[PDB]
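Same protein, same chain, two forms; see structure 1 and structure 2 below, as structure tokens.
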Structure 1
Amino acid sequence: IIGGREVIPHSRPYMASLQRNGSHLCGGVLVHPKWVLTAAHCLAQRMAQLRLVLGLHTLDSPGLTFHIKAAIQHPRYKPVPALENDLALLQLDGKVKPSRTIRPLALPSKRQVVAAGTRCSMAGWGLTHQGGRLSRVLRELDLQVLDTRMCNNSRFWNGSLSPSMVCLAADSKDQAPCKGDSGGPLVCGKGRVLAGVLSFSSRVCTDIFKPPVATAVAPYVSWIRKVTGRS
């Protein structure tokens, strides 16, 4: 995150770090004692060398590490240059017993609407400057939901955002999620309810004409329930 704030440690106990050879790649949200939800584009990788690390504040700290039993990309996932259905479920090779530092975040109702003007936040260990390095510590950024139609304007996303995407704005031009933040959760409202999963970050993170986007979780809740086996 560029222009974000360090979080109070373990204040977001649902946070996952998806890592390859001990190097953080993407964020994730623990949504079941056995499952992390992340972006599908995060799994363009040699799966064997991937790990999920839970309970982190500082990245150079051990946390609780899991191997991945299964990596289930949304059946209709399409990659860049036609990014769609950008969600994947990763099954831990263990089972989380909730504690102070590690606890799943509840799925929203499948009827949940993420309306324009909604106040949300995201968290992640992604880059803190363009072309920079990952954050050593988990950071957060406030984001408000924008009107999708306005985000689809020819000067912005040029009609490419579907009803399943959440278009977002930080409070200033120089604050943005950045490489390493994608796959992490978007939480909204006073209730800090799970609302989306950050999709691909723009290469130029603060590109004013590419408002950051997250996939809405609600339209995928039935699929998440079918995969996790929890109705």
Structure 2
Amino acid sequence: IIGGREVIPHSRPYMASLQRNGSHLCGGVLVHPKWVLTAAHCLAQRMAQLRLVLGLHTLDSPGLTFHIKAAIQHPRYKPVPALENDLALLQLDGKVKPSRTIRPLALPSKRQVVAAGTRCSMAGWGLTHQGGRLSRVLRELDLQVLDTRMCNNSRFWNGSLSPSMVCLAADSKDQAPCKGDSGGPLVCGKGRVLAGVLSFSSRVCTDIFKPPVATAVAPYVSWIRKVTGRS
């Protein structure tokens, strides 16, 4: 996150850090004691060396660490140039007992619509400057949902954002999630509700003609359910 502020330590107990040899790759949100929802494009990886770390603020510090028993990509997932259905569900090789620092974020209803204008945030440990290095500490950013017809404008996403994608804006020119931030949960509204999962941008994180975009959770709540076995 470029231009975010540090979170209060442990104020977002649902954050996961998906890592490869203790090196952080993407965020993820904990949607059940045994499952973390992240972005599919994060998993283009040798799974043996992957770990989920839970309960974190400082990135180099223990936290609760889990092995992954199964990485389930959305069935209709298409990578770049498509980058469609960019979700994957990671299964923990243990089971979380909720606590003060580790706790799951609830799913939205399937009927939830994320209307333009919605006030949201987005936490992540990703880069804090173009070309730079990951954040030492979990940070956050305020994001407003823009109108999709308008992000699809030829100068912006030029037609390529589908109904399941939520287009986003900071308050400023110079704030943007960035390398390392995908998989992070977009939460919206007063009651801080799960709304999306970060997916992509363009190469320059703050590019104003390429607002960041996340995948709405609601349209995939059903699948999340079937996969996680609950209802």
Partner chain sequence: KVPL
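Residues that one form lacks are left out of the comparison. For clarity, a rigid core is taken as the largest C-alpha set superposing within 1.5 Å between two forms. Counting starts at 1 and follows the sequence of structure 1.
### Query
So which is it, 1 or 2, that shows the form solved in complex with the partner chain?
Looking at both, the form solved in complex with the partner chain is number 2.
### Query
By how many angstrom is the Cα of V114 displaced between structure 1 and structure 2 when the rigid core is overlaid?
With the rigid core fitted, the alpha carbon of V114 is displaced 0.2 Å between structure 1 and structure 2.
### Task
Quick one: how many Å does the C-alpha of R203 shift between structure 1 and structure 2 once the rigid core is superposed?
Comparing the two forms, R203 shifts 1.6 Å at C-alpha.
### Message
Give the residue ranges, in sequence order, where three or more consecutive C-alphas each shift by 2 Å or more between structure 1 and structure 2 after rigid core alignment.
### Response
Only one moving run appears between structure 1 and structure 2, namely 200-202.
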